[PDB]
Engineer: 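Below you will find the structure I want to go over with you.
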Amino acid sequence: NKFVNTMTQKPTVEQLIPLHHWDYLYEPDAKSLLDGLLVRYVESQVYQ
Amino acid sequence: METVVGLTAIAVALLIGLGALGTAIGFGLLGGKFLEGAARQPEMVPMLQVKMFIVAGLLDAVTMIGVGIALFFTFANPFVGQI
Amino acid sequence: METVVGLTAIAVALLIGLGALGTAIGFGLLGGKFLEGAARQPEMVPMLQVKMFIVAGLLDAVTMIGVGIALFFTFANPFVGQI
Amino acid sequence: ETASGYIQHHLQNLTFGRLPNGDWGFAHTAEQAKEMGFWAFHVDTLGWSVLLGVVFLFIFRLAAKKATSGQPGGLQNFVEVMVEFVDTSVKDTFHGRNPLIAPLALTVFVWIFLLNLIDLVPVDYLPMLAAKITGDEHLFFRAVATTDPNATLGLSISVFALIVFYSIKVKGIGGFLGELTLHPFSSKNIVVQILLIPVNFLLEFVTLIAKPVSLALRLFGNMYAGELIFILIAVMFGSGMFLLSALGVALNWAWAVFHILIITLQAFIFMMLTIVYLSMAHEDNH
Ligand SMILES: [Zn+2]
């Protein structure tokens, strides 16, 4: 359920898994960072 | 004369040969960073190119002073005039 | 005199040729890191370019002494007047 | 004749200058041409460079004197693809308003490409056609103008004049000597700036003088070594054998397929260094 306002709760189905011109230094592998950051993102969406 | 003239052909081959060796290794190191920079930032290619040609003037300066003194020793001779 | 003048032509080629080889590889290394830094931080490019020219002075310092002494051995000769 | 004589004849230019008695005559031998001093002229170099430059501008004028501003004909479609390519190449390097830089780059690219392209025609055709039309059997005649160090040095010493010109014209006489003596090292202390002028002058002056020489000798070295390999492969056919005049065809074909890439690339590099070196003479790069 989504909190529209104090008087309204809306039931919803939301997709999860199927988701400035400078680069970072990426200390560990950029591919390794991505494999880790995406798991934290899905968990943060479920927690919210 | 035969030695002063024959040791000027070896002088010429070292002035152009050591410069040919250092400029082919120097532009291969410089160019290897230009092609990766062109991949990391596809929109920066025109800027990276003008900056690479500024470095290229510093990279070949001493080599080009040597291709000139070598050509000067091949068609004129400052040593043969000294007997 | 023919052996001193012929060995001087080789000394001159060896002074400039080794300097050409060294500076070309040195600028290939220095300049390659300047393009790497310019790609990551395009805002830093004018600052990085000033720091690159500070290093360029240290890289060619001895090489210039070598080409200065090489030209001196061609238009004058401190060895011929010592025989 | 010998292979050495065949090679020695292909390396001599059609020189005209001051003979022992009179300023009107062609040299008949290499020594008689080396006697002619700095006040001489290679008539084959000036005859190929001027004729190819006029053919290029006349063809480009035929597509400019009647430009449609709508649907293009076959000729003007090509000329406009070349002007659009050169204009894009200039706008990705130069940000100023100078009207000379763009037509200069077009002239430099198309002219050098045509002076280089005549190297693909067989090496004995033009030298012998000139001899048959003249009635001589010892006439010196070289077609490829970029294989003469004077032609390539003329093209770079002229770009160098434009570099020293625009640098003084926009930075002023003070700004020209300033970049030459107060850059790249500057200091507040008067004793220090004076001791840094010789160091700044050695660094900046060497780089400036190397620009014209490197432009001329990069072009000369790739074209002179390119024609030498064609002359040397032609001596394999001079032998008269069958299994050698078959191997020679493969080397000539492979060398021409490689040389068309070099001929195209050398014109592009000369244009790009002309654009870059003239653009860095308009702003303080440090
Ligand atoms: Zn400056």
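Hydrogens, waters and symmetry mates are skipped; everything else that's a heavy atom, side chains included, is used. In what follows, chains carry the letters A, B, and so on, assigned in the order in which the sequence lines appear, proteins first and then strands, with residues in each chain numbered from 1. For ligands, and for the atoms within them, numbers begin at 1 and follow the listed sequence.
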Engineer: Taking the side chain as C-beta and beyond, is there a heavy-atom pair between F79(B) and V5(B) under 4.5 Å?
Structural biologist: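 The answer is no, as the side chains (C-beta and beyond) never meet within the 4.5 Å cut-off.
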Engineer: What's within reach of the Zn ion (ligand 1), meaning protein N/O/S atoms under 2.8 Å?
Structural biologist: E179(D) OE1, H183(D) ND1
Engineer: Just distance, no hydrogens or angles: give the donor-acceptor pairs under 3.5 Å from side chains in residues 178-187 of chain D, sequence neighbours left out.
Structural biologist:
residue : atom : partner : partner atom : Å
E179(D) : OE1  : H183(D) : ND1          : 3.2
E179(D) : OE2  : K171(D) : NZ           : 3.1
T181(D) : OG1  : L177(D) : O            : 2.7

Engineer: Would you list the pairs meeting salt bridge (charged side-chain N to carboxylate O under 4.0 Å, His left out) in which at least one residue belongs to residues 142-158 of chain D, sequence neighbours left out?
Structural biologist: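 Every salt bridge (charged side-chain N to carboxylate O under 4.0 Å, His left out) pair that includes a residue of residues 142-158 of chain D, provided the two are not neighbours, is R142(D)-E227(D).
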Engineer: Quick one: do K33(B) and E36(B) make a salt bridge, cutoff under 4.0 Å?
Structural biologist: no
Engineer: Can you list, pair by pair, the side-chain donor-acceptor contacts under 3.5 Å of residues 92-105 of chain D, counting residues two or more places apart and other chains?
Structural biologist:
residue : atom : partner : partner atom : Å
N98(D)  : OD1  : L100(D) : N            : 3.2
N98(D)  : OD1  : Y166(D) : OH           : 3.3

Engineer: Taking atom CD of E43(B) as the centre, does the number of heavy atoms from other residues, nucleotides or ligands within less than 6.0 Å exceed 12?
Structural biologist: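 Result for CD/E43(B): enclosed.
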